[PDB]
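Take a look at the structure below.
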Amino acid sequence: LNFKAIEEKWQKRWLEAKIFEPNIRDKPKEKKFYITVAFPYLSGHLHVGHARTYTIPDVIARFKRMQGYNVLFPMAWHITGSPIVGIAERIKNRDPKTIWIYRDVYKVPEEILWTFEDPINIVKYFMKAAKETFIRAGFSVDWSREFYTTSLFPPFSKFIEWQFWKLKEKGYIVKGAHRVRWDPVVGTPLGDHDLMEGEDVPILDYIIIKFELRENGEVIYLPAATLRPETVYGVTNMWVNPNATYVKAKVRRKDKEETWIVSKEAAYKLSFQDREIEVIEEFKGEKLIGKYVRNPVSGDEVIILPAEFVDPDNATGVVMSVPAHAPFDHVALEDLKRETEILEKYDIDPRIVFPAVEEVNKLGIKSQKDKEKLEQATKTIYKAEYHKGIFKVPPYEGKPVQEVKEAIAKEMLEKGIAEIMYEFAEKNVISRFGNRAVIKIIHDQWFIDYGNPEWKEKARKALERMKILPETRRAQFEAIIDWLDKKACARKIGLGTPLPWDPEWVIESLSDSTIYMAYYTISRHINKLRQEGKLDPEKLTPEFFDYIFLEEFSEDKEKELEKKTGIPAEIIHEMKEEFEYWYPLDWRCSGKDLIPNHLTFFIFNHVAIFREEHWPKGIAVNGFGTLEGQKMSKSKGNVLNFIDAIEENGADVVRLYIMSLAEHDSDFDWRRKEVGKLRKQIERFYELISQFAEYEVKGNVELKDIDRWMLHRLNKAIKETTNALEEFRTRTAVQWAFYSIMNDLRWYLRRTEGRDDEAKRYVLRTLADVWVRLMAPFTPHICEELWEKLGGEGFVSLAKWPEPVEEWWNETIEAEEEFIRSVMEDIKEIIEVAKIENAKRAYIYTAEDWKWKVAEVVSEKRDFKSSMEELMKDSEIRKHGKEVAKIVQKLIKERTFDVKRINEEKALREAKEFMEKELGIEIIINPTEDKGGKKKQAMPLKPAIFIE
RNA sequence: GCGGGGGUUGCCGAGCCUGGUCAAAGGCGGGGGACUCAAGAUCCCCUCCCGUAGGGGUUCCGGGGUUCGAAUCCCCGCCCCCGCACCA
């Protein structure tokens with residue numbers, strides 16, 4: 001009822017024994033079982049959710065270890081990032097919420113907290129807080145191989161470097177433009193986290209089509225922005241806003257210089273949009289009105305009409321009008337007021353492509369002049385003739401709308417007849433400080449082109465050779481290998497490894513964390529050398545890492561690298577001998593949320609660097625976890641820490657309670673009651689073993705059948721379990737290995753109550769041996785203990801895994817047992833529906849011919865006659881004839897099963913007394929006298945009974 | 001919009017992939033009992049409708065397709081949850 005004292009007792013034992021620190025020579029390679037999981041991001045305390053992500057790889061690491069495999073399951077810490085950093089400053093500024101998140105939620109000694117201004121202190125207190133919680137939950141972790149990330153772990157960064165350099169040899173590293181939420185303070189990116197409000201506002205690509213106003217001296221553009229590049233061929237006039245103001249200014253890019261007239265604010269946004277915008281003249285709004293402007297794409301010209309619906313803060317302000325479609329084109333058109341010039345109400349109305357010159361939708365509702373109620377009916381039309389929209393215009397036709405909206409915009413952008421202005425869908429996007437968010441273009445912005453189709457095949461070509469779990473995720477993965485472009489593999493803030501060819505740039509997290517799986521492979525010997533200054537980080541070069549990953553074994557490259565690095569040759573050989581042994585990585589665990597990224601980048605980077613025969617061999621993912629329904633939010637506070645939870649329930653309980661709940665990608669919900677109750681059950685299990693532990697290990701006994709049964713179910717549960725596990729199917733496993741055996745055994749007991757012979761002992765004592773070895777992975781502590789209470793040998797953790805035993809199998813007795821069970825059920829019902837008391841009942845089974853022989857034949861014609869023909873052609877069977885209607889009935893309930901022949905004997909053997917004891921009635925098997933029409937007025941598996 | 005997966009009995013949640021043995025695993029909630037003045041706790045039993053002899057009827061979102069037979073396989077419809085990029 002405690003185990004806290006025991007838990008520790010063993011973590012120390014396992015630890016010191018260095019039992020979970022595999023040795024390659026220990027076994028051949030086809031025995032190895034490398035397996036990893038994503039190193040957490042030391043930023044706080046892992047909660048129950050992350051708890052699960054880790055148990056699973058352990059549970060399997062243990063399991064397979066007992067299974068006889070040379071298992072390797074390490075763990076390290078991931079810190080390359082920016083949250084920690086930002087967090088630091090925040091507690092510095094003595095932030096009320098962030099401090100509450102560490103003072104109450106993650107509970108940190110009021111004192112220690114304050115020392116957080118230093119990021120390294122946050123990457124210190126929690127690195128420690130992890131390794132301890134992992135070890136306090138008893139993971140088969142080989143700490144020999146352990147390291148943290150960033151430029152702070154020199155040998156790793158060198159590895160990471162080698163990687164990225166090797167990423168240019170293939171040309172997967174590129175530079176280019178790149179939008180990104182931003183804070184106009186003094187400068188700072190907004191990674192979808194700093195925004196003090198609405199961070200879900202999408203990044204629209206309103207492209208501006210530079211219309212021409214070649215009046216006075218010369219040229220000047222009025223770039224209107226439309227999300228429908230197709231409407232160009234339907235321009236019928238321009239739109240601006242008299243009220244709001246605009247400006248004239250030069251706009252320079254790479255070299256090309258132009259002079260634009262757009263919204264003041266539109267200047268602002270663009271000033272960041274990677275273009276120097278030196279102002280020149282402000283307008284008043286209606287100024288632009290009057291002038292005409294030539295439609296760039298076509299050749300025609302148009303007038304600049306004034307409007308009220310044109311939002312200034314939205315895009316350039318200038319909107320190309322095409323009333324033939326966009327229902328917002330007729331709002332100001334419906335002229336009636338008094339402005340100035342006149343005559344144009346009779347301007348032709350062309351149209352691109354329910355009807356034609358649409359307007360049966362605008363007034364097809366209840367719209368008067370200018371109402372935002374149309375802000376919807378304006379994009380309702382956009383969809384209809386979007387998927388269903390044949391093209392008809394002076395230029396090329398036929399193709400669908402989703403084609404010109406990519407034949408025009410592709411052409412204009414190409415001929416510089418249009419440019420793209422990035423702008424939000426809404427205005428509610430504020431920064432961390434308080435400023436209003438804008439968008440900026442990054443020229444440099446390094447990339448990793450997960451686009452290059454020759455690589456995006458190399459990947460897809462691997463994934464099919466891998467293994468997925470669940471398997472119903474195979475799709476999602478492929479699908480992602482497709483819809484994936486180039487990812488910005490670097491930032492400017494936080495910790496991480498600096499780009500070996502642009503120290504200004506800091507390699508971001510999810511980009512460096514993709515092939516470390518192979519660093520562990522040598523992480524040991526490096527901590528060895530690193531341990532006592534016998535390692536010069538520098539000496540660890542691209543040239544270096546290459547020998548120990550690709551370059552086949554050349555005795556000299558070792559000698560050559562010996563001096564170059566300052567490391568013994570034989571130590572290098574071993575290092576590479578390690579990797580070559582441990583890779584490929586049989587499995588890689590992680591949550592499902594990392595499929596649409598890391599899990600994937602993981603396959604890519606891999607196929608890009610490792611000799612194919614080193615490609616991942618499979619991936620297993622898992623669901624999230626909640627807490628009493630409500631989702632765990634670091635901010636709301638309802639979050640159970642892993643450790644904080646191991647403390648109030650105990651590792652073994654917690655551990656199993658998790659697997660207990662779900663498998664694969666299914667989420668789980670942590671409930672207090674549930675866990676408490678599973679706890680009691682654990683104890684009952686605990687105790688029980690302890691008892692059976694007494695029983696002498698005598699053996700050689702004469703077990704009755706009820707014993708062969710509890711022994712059959714053991715065998716059953718043994719097998720079913722072996723499976724669920726082979727397939728990371730925890731919930732199931734636990735249902736077999738635990739809740740099953742439990743139940744089956746409680747019955748066996750209830751079954752053989754008041755009994756206790758050299759045999760009932762054997763069963764019980766041997767059950768114990770197995771049962772214990774089975775839960776070993778879920779609850780490794782109380783088992784290392786109970787394994788001791790029983791005869792015991794070596795650590796339980798290294799104990800071979802129990803596989804079904806030579807027969808000991810009895811589908812038959814298993815069958816007979818449910819039979820008697822069912823009989824009981826029947827009698828119980830017969831009485832529950834009528835009589836009262838009566839000391840007894842009478843019932844008879846059946847016999848071959850008269851019955852059974854029929855059924856074991858019907859079940860081989862499954863028809864109606866062919867059987868009846870097969871039968872009447874037999875004496876002592878046709879002998880009843882008119883009664884062989886047993887075939888009719890028997891037919892309308894599908895075929896048969898086996899023959900629980902000794903049947904009546906089971907109803908007899910060790911059942912007779914039990915049954916009567918439980919039913920509290922006198923049982924009389926196969927009588928002679930004929931009661932209520934008893935005698936052979938019965939069927940197989942359903943004997944006839946008569947109470948009274 | 002691109003895309004991934006789905007809808008089950010009072011609820012939560014299996015089972016559908018290897019159709020028939022599913023009235024439908026498990027849990028929770030509800031109820032009766034051993035209890036024995038009295039909180040708790042363990043175990044047993046019932047919980048879709050009906051039933052004065054172990055039975056009968058209707059069930060797995062709507063409608064069809066396929067089959068001797070579908071919660072289970074195919075199609076159309078409606079509906080629901082999830083990622084989209086530098087953010088771990």
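Chain labels follow the order of the structure tokens: the first chain is A, the next B, and so on; residue numbering restarts at 1 in every chain, and ligands are counted from 1 in their shown order.
Set the cut-off at 6 Å, count only C-alpha atoms (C1' of nucleotides), and the residues of chain A near chain B turn out to be residues 191, 476, 488, 826, 829, 830 and 834 of chain A.
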So that I can check the surroundings of residue 8 of chain B, please list as a PDB file with N, CA and C atoms (P, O5', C5', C4', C3', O3' and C1' of nucleotides), in the first residue's frame every protein, DNA and RNA residue that reaches within 12 Å of it, counting only C-alpha atoms (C1' of nucleotides) and ignoring chain neighbours fewer than 5 positions away.
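So the final result, stored in result_34.pdb, reads:
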ATOM      1  P     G B  13     -15.373   9.727 -25.972  1.00  0.00           P
ATOM      2  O5'   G B  13     -15.058   8.156 -25.946  1.00  0.00           O
ATOM      3  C5'   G B  13     -13.838   7.647 -25.402  1.00  0.00           C
ATOM      4  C4'   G B  13     -13.916   6.145 -25.235  1.00  0.00           C
ATOM      5  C3'   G B  13     -13.912   5.307 -26.505  1.00  0.00           C
ATOM      6  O3'   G B  13     -12.593   5.051 -26.980  1.00  0.00           O
ATOM      7  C1'   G B  13     -15.673   4.583 -25.113  1.00  0.00           C
ATOM      8  P     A B  14     -12.380   4.531 -28.493  1.00  0.00           P
ATOM      9  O5'   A B  14     -13.148   3.138 -28.511  1.00  0.00           O
ATOM     10  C5'   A B  14     -12.822   2.127 -29.453  1.00  0.00           C
ATOM     11  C4'   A B  14     -12.911   0.775 -28.797  1.00  0.00           C
ATOM     12  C3'   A B  14     -12.989  -0.416 -29.736  1.00  0.00           C
ATOM     13  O3'   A B  14     -11.695  -0.815 -30.161  1.00  0.00           O
ATOM     14  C1'   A B  14     -14.577  -0.640 -27.994  1.00  0.00           C
ATOM     15  P     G B  15     -11.352  -0.846 -31.728  1.00  0.00           P
ATOM     16  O5'   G B  15     -12.270  -2.013 -32.294  1.00  0.00           O
ATOM     17  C5'   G B  15     -12.358  -3.260 -31.623  1.00  0.00           C
ATOM     18  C4'   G B  15     -13.703  -3.893 -31.880  1.00  0.00           C
ATOM     19  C3'   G B  15     -14.098  -4.055 -33.337  1.00  0.00           C
ATOM     20  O3'   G B  15     -13.506  -5.247 -33.834  1.00  0.00           O
ATOM     21  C1'   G B  15     -15.938  -3.233 -32.081  1.00  0.00           C
ATOM     22  P     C B  16     -13.405  -5.490 -35.412  1.00  0.00           P
ATOM     23  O5'   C B  16     -12.788  -4.137 -35.987  1.00  0.00           O
ATOM     24  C5'   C B  16     -12.898  -3.834 -37.373  1.00  0.00           C
ATOM     25  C4'   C B  16     -14.339  -3.573 -37.721  1.00  0.00           C
ATOM     26  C3'   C B  16     -14.717  -3.482 -39.189  1.00  0.00           C
ATOM     27  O3'   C B  16     -14.858  -4.778 -39.788  1.00  0.00           O
ATOM     28  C1'   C B  16     -15.746  -1.721 -37.993  1.00  0.00           C
ATOM     29  P     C B  22     -21.426 -12.541 -30.225  1.00  0.00           P
ATOM     30  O5'   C B  22     -22.386 -11.306 -30.512  1.00  0.00           O
ATOM     31  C5'   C B  22     -23.664 -11.185 -29.887  1.00  0.00           C
ATOM     32  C4'   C B  22     -24.349  -9.964 -30.431  1.00  0.00           C
ATOM     33  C3'   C B  22     -24.585 -10.033 -31.941  1.00  0.00           C
ATOM     34  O3'   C B  22     -25.972 -10.254 -32.292  1.00  0.00           O
ATOM     35  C1'   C B  22     -23.373  -8.048 -31.321  1.00  0.00           C
ATOM     36  P     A B  23     -27.013 -10.950 -31.256  1.00  0.00           P
ATOM     37  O5'   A B  23     -26.983 -10.060 -29.939  1.00  0.00           O
ATOM     38  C5'   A B  23     -27.345  -8.683 -29.971  1.00  0.00           C
ATOM     39  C4'   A B  23     -27.150  -8.052 -28.606  1.00  0.00           C
ATOM     40  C3'   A B  23     -28.008  -8.649 -27.499  1.00  0.00           C
ATOM     41  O3'   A B  23     -27.287  -9.689 -26.781  1.00  0.00           O
ATOM     42  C1'   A B  23     -28.163  -6.241 -27.537  1.00  0.00           C
ATOM     43  P     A B  24     -25.924  -9.354 -25.933  1.00  0.00           P
ATOM     44  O5'   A B  24     -25.089  -8.330 -26.837  1.00  0.00           O
ATOM     45  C5'   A B  24     -24.331  -7.264 -26.253  1.00  0.00           C
ATOM     46  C4'   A B  24     -23.294  -6.737 -27.232  1.00  0.00           C
ATOM     47  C3'   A B  24     -22.554  -5.474 -26.787  1.00  0.00           C
ATOM     48  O3'   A B  24     -21.393  -5.794 -26.034  1.00  0.00           O
ATOM     49  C1'   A B  24     -23.353  -5.170 -28.977  1.00  0.00           C
ATOM     50  P     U B  59     -34.996  -2.687 -36.498  1.00  0.00           P
ATOM     51  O5'   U B  59     -34.278  -1.737 -35.448  1.00  0.00           O
ATOM     52  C5'   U B  59     -32.882  -1.507 -35.503  1.00  0.00           C
ATOM     53  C4'   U B  59     -32.435  -0.754 -34.277  1.00  0.00           C
ATOM     54  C3'   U B  59     -30.964  -0.407 -34.297  1.00  0.00           C
ATOM     55  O3'   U B  59     -30.765   0.747 -35.110  1.00  0.00           O
ATOM     56  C1'   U B  59     -31.511  -1.336 -32.182  1.00  0.00           C
ATOM     57  P     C B  60     -29.630   0.736 -36.254  1.00  0.00           P
ATOM     58  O5'   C B  60     -28.321   1.269 -35.508  1.00  0.00           O
ATOM     59  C5'   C B  60     -28.105   2.664 -35.246  1.00  0.00           C
ATOM     60  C4'   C B  60     -26.635   2.913 -35.013  1.00  0.00           C
ATOM     61  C3'   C B  60     -25.741   2.431 -36.151  1.00  0.00           C
ATOM     62  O3'   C B  60     -25.513   3.460 -37.139  1.00  0.00           O
ATOM     63  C1'   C B  60     -25.024   1.496 -34.070  1.00  0.00           C
ATOM     64  P     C B  61     -24.819   4.872 -36.727  1.00  0.00           P
ATOM     65  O5'   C B  61     -25.928   5.975 -37.058  1.00  0.00           O
ATOM     66  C5'   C B  61     -26.788   6.491 -36.036  1.00  0.00           C
ATOM     67  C4'   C B  61     -27.506   7.731 -36.525  1.00  0.00           C
ATOM     68  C3'   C B  61     -28.324   7.533 -37.792  1.00  0.00           C
ATOM     69  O3'   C B  61     -29.640   7.074 -37.491  1.00  0.00           O
ATOM     70  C1'   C B  61     -26.928   9.431 -38.050  1.00  0.00           C
ATOM     71  P     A B  71     -26.867  -4.757 -38.711  1.00  0.00           P
ATOM     72  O5'   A B  71     -25.838  -3.550 -38.482  1.00  0.00           O
ATOM     73  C5'   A B  71     -26.254  -2.174 -38.545  1.00  0.00           C
ATOM     74  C4'   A B  71     -25.105  -1.244 -38.180  1.00  0.00           C
ATOM     75  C3'   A B  71     -23.793  -1.359 -38.959  1.00  0.00           C
ATOM     76  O3'   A B  71     -23.791  -0.595 -40.169  1.00  0.00           O
ATOM     77  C1'   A B  71     -23.323  -1.294 -36.652  1.00  0.00           C
ATOM     78  P     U B  72     -22.673  -0.879 -41.299  1.00  0.00           P
ATOM     79  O5'   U B  72     -21.276  -0.616 -40.588  1.00  0.00           O
ATOM     80  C5'   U B  72     -20.063  -0.849 -41.296  1.00  0.00           C
ATOM     81  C4'   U B  72     -19.324  -1.997 -40.678  1.00  0.00           C
ATOM     82  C3'   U B  72     -18.697  -2.978 -41.665  1.00  0.00           C
ATOM     83  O3'   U B  72     -17.290  -2.716 -41.807  1.00  0.00           O
ATOM     84  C1'   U B  72     -19.718  -4.040 -39.767  1.00  0.00           C
TER      85        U B  72
END
Checklist entry - Which parts of segment 504-683 of chain A does DSSP call helix (DSSP H, G or I) when run on the backbone here, written out as an MDAnalysis selection string? => result chainID A and resid 509:512 517:531 537:539 542:547 555:565 569:582 592:594 598:609 642:647 651:661 672:683
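Nearest residue to residue 915 of chain A among A:555, A:827, A:888, A:860 is A:827, counting only C-alpha atoms.
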Checklist outcome for this item: Restricting to only C-alpha atoms (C1' of nucleotides), whichever of B:31, B:45, B:50, B:19 is closest to residue 66 of chain B is B:19
12 Å contact set for residue 784 of chain A, only C-alpha atoms (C1' of nucleotides), chain neighbours under 3 positions out, as a PDB file with N, CA and C atoms, in the first residue's frame:
ATOM      1  N   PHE A   3       4.936   1.592  -1.580  1.00  0.00           N
ATOM      2  CA  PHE A   3       5.953   1.406  -2.619  1.00  0.00           C
ATOM      3  C   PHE A   3       6.941   2.520  -2.824  1.00  0.00           C
ATOM      4  N   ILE A   6      10.189   1.440  -2.029  1.00  0.00           N
ATOM      5  CA  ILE A   6      10.609   0.409  -2.986  1.00  0.00           C
ATOM      6  C   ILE A   6      11.029   1.029  -4.326  1.00  0.00           C
ATOM      7  N   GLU A   7      10.187   1.927  -4.855  1.00  0.00           N
ATOM      8  CA  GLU A   7      10.466   2.598  -6.120  1.00  0.00           C
ATOM      9  C   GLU A   7      11.937   2.971  -6.101  1.00  0.00           C
ATOM     10  N   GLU A   8      12.287   3.839  -5.165  1.00  0.00           N
ATOM     11  CA  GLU A   8      13.646   4.309  -5.041  1.00  0.00           C
ATOM     12  C   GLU A   8      14.648   3.181  -4.905  1.00  0.00           C
ATOM     13  N   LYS A   9      14.289   2.180  -4.117  1.00  0.00           N
ATOM     14  CA  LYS A   9      15.189   1.072  -3.885  1.00  0.00           C
ATOM     15  C   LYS A   9      15.703   0.500  -5.177  1.00  0.00           C
ATOM     16  N   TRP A  10      14.816   0.451  -6.170  1.00  0.00           N
ATOM     17  CA  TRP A  10      15.138  -0.146  -7.463  1.00  0.00           C
ATOM     18  C   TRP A  10      15.744   0.748  -8.497  1.00  0.00           C
ATOM     19  N   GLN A  11      15.330   2.006  -8.500  1.00  0.00           N
ATOM     20  CA  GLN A  11      15.888   2.937  -9.450  1.00  0.00           C
ATOM     21  C   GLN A  11      17.398   2.977  -9.192  1.00  0.00           C
ATOM     22  N   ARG A  13      19.127   0.526  -7.737  1.00  0.00           N
ATOM     23  CA  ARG A  13      19.637  -0.787  -8.082  1.00  0.00           C
ATOM     24  C   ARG A  13      19.906  -0.902  -9.590  1.00  0.00           C
ATOM     25  N   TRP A  14      18.856  -0.659 -10.379  1.00  0.00           N
ATOM     26  CA  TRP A  14      18.958  -0.700 -11.840  1.00  0.00           C
ATOM     27  C   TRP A  14      20.126   0.190 -12.222  1.00  0.00           C
ATOM     28  N   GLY A 138      11.061   5.543 -13.376  1.00  0.00           N
ATOM     29  CA  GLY A 138      11.797   4.373 -13.781  1.00  0.00           C
ATOM     30  C   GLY A 138      11.865   3.994 -15.228  1.00  0.00           C
ATOM     31  N   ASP A 652       4.606   3.084 -10.612  1.00  0.00           N
ATOM     32  CA  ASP A 652       3.897   1.937 -11.077  1.00  0.00           C
ATOM     33  C   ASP A 652       2.408   2.172 -11.247  1.00  0.00           C
ATOM     34  N   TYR A 686      -0.871  -6.771  -5.911  1.00  0.00           N
ATOM     35  CA  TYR A 686       0.356  -6.846  -5.119  1.00  0.00           C
ATOM     36  C   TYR A 686       0.248  -7.936  -4.078  1.00  0.00           C
ATOM     37  N   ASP A 769       4.213 -16.423 -10.984  1.00  0.00           N
ATOM     38  CA  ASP A 769       5.456 -16.283 -11.695  1.00  0.00           C
ATOM     39  C   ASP A 769       5.201 -15.552 -12.989  1.00  0.00           C
ATOM     40  N   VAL A 772       3.529 -11.920 -12.970  1.00  0.00           N
ATOM     41  CA  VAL A 772       4.519 -10.946 -12.538  1.00  0.00           C
ATOM     42  C   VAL A 772       5.412 -10.536 -13.671  1.00  0.00           C
ATOM     43  N   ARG A 773       5.917 -11.512 -14.410  1.00  0.00           N
ATOM     44  CA  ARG A 773       6.762 -11.212 -15.554  1.00  0.00           C
ATOM     45  C   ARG A 773       5.995 -10.377 -16.603  1.00  0.00           C
ATOM     46  N   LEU A 774       4.682 -10.601 -16.725  1.00  0.00           N
ATOM     47  CA  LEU A 774       3.870  -9.863 -17.688  1.00  0.00           C
ATOM     48  C   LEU A 774       3.760  -8.373 -17.387  1.00  0.00           C
ATOM     49  N   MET A 775       3.354  -7.995 -16.169  1.00  0.00           N
ATOM     50  CA  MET A 775       3.212  -6.568 -15.816  1.00  0.00           C
ATOM     51  C   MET A 775       4.554  -5.837 -15.692  1.00  0.00           C
ATOM     52  N   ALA A 776       5.634  -6.613 -15.737  1.00  0.00           N
ATOM     53  CA  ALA A 776       6.971  -6.062 -15.618  1.00  0.00           C
ATOM     54  C   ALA A 776       7.144  -4.692 -16.286  1.00  0.00           C
ATOM     55  N   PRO A 777       6.653  -4.520 -17.542  1.00  0.00           N
ATOM     56  CA  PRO A 777       6.811  -3.229 -18.217  1.00  0.00           C
ATOM     57  C   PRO A 777       5.910  -2.121 -17.717  1.00  0.00           C
ATOM     58  N   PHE A 778       4.687  -2.454 -17.378  1.00  0.00           N
ATOM     59  CA  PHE A 778       3.800  -1.402 -16.910  1.00  0.00           C
ATOM     60  C   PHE A 778       4.188  -0.925 -15.509  1.00  0.00           C
ATOM     61  N   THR A 779       4.455  -1.890 -14.620  1.00  0.00           N
ATOM     62  CA  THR A 779       4.819  -1.612 -13.230  1.00  0.00           C
ATOM     63  C   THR A 779       6.121  -2.332 -12.880  1.00  0.00           C
ATOM     64  N   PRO A 780       7.248  -1.811 -13.372  1.00  0.00           N
ATOM     65  CA  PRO A 780       8.569  -2.394 -13.153  1.00  0.00           C
ATOM     66  C   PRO A 780       9.101  -2.412 -11.727  1.00  0.00           C
ATOM     67  N   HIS A 781       8.524  -1.607 -10.851  1.00  0.00           N
ATOM     68  CA  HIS A 781       9.031  -1.571  -9.499  1.00  0.00           C
ATOM     69  C   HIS A 781       8.440  -2.674  -8.624  1.00  0.00           C
ATOM     70  N   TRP A 787       9.175 -10.047  -7.696  1.00  0.00           N
ATOM     71  CA  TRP A 787       9.999 -11.016  -8.394  1.00  0.00           C
ATOM     72  C   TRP A 787      10.951 -11.580  -7.382  1.00  0.00           C
ATOM     73  N   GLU A 788      11.240 -10.773  -6.352  1.00  0.00           N
ATOM     74  CA  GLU A 788      12.167 -11.140  -5.267  1.00  0.00           C
ATOM     75  C   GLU A 788      11.423 -12.012  -4.280  1.00  0.00           C
ATOM     76  N   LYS A 789      10.196 -11.605  -3.955  1.00  0.00           N
ATOM     77  CA  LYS A 789       9.345 -12.377  -3.055  1.00  0.00           C
ATOM     78  C   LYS A 789       9.181 -13.800  -3.574  1.00  0.00           C
ATOM     79  N   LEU A 790       9.081 -13.962  -4.887  1.00  0.00           N
ATOM     80  CA  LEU A 790       8.955 -15.296  -5.455  1.00  0.00           C
ATOM     81  C   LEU A 790      10.366 -15.788  -5.522  1.00  0.00           C
ATOM     82  N   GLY A 791      10.554 -17.028  -5.910  1.00  0.00           N
ATOM     83  CA  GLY A 791      11.908 -17.544  -5.994  1.00  0.00           C
ATOM     84  C   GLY A 791      12.931 -16.527  -6.466  1.00  0.00           C
ATOM     85  N   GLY A 792      12.612 -15.807  -7.540  1.00  0.00           N
ATOM     86  CA  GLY A 792      13.497 -14.784  -8.076  1.00  0.00           C
ATOM     87  C   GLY A 792      14.795 -15.250  -8.700  1.00  0.00           C
ATOM     88  N   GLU A 793      15.249 -14.505  -9.700  1.00  0.00           N
ATOM     89  CA  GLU A 793      16.488 -14.780 -10.428  1.00  0.00           C
ATOM     90  C   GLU A 793      16.794 -13.494 -11.190  1.00  0.00           C
ATOM     91  N   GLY A 794      18.027 -13.002 -11.073  1.00  0.00           N
ATOM     92  CA  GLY A 794      18.422 -11.761 -11.732  1.00  0.00           C
ATOM     93  C   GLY A 794      17.363 -10.691 -11.530  1.00  0.00           C
ATOM     94  N   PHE A 795      17.451  -9.586 -12.273  1.00  0.00           N
ATOM     95  CA  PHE A 795      16.430  -8.539 -12.152  1.00  0.00           C
ATOM     96  C   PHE A 795      15.209  -8.984 -12.976  1.00  0.00           C
ATOM     97  N   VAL A 796      14.006  -8.594 -12.573  1.00  0.00           N
ATOM     98  CA  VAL A 796      12.827  -8.988 -13.338  1.00  0.00           C
ATOM     99  C   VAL A 796      12.963  -8.345 -14.709  1.00  0.00           C
ATOM    100  N   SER A 797      13.386  -7.095 -14.698  1.00  0.00           N
ATOM    101  CA  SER A 797      13.584  -6.362 -15.914  1.00  0.00           C
ATOM    102  C   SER A 797      14.393  -7.113 -16.972  1.00  0.00           C
ATOM    103  N   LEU A 798      15.276  -8.001 -16.584  1.00  0.00           N
ATOM    104  CA  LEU A 798      16.052  -8.702 -17.583  1.00  0.00           C
ATOM    105  C   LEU A 798      15.525 -10.109 -17.788  1.00  0.00           C
ATOM    106  N   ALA A 799      14.463 -10.435 -17.056  1.00  0.00           N
ATOM    107  CA  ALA A 799      13.840 -11.760 -17.129  1.00  0.00           C
ATOM    108  C   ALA A 799      13.205 -12.008 -18.490  1.00  0.00           C
TER     109      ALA A 799
END
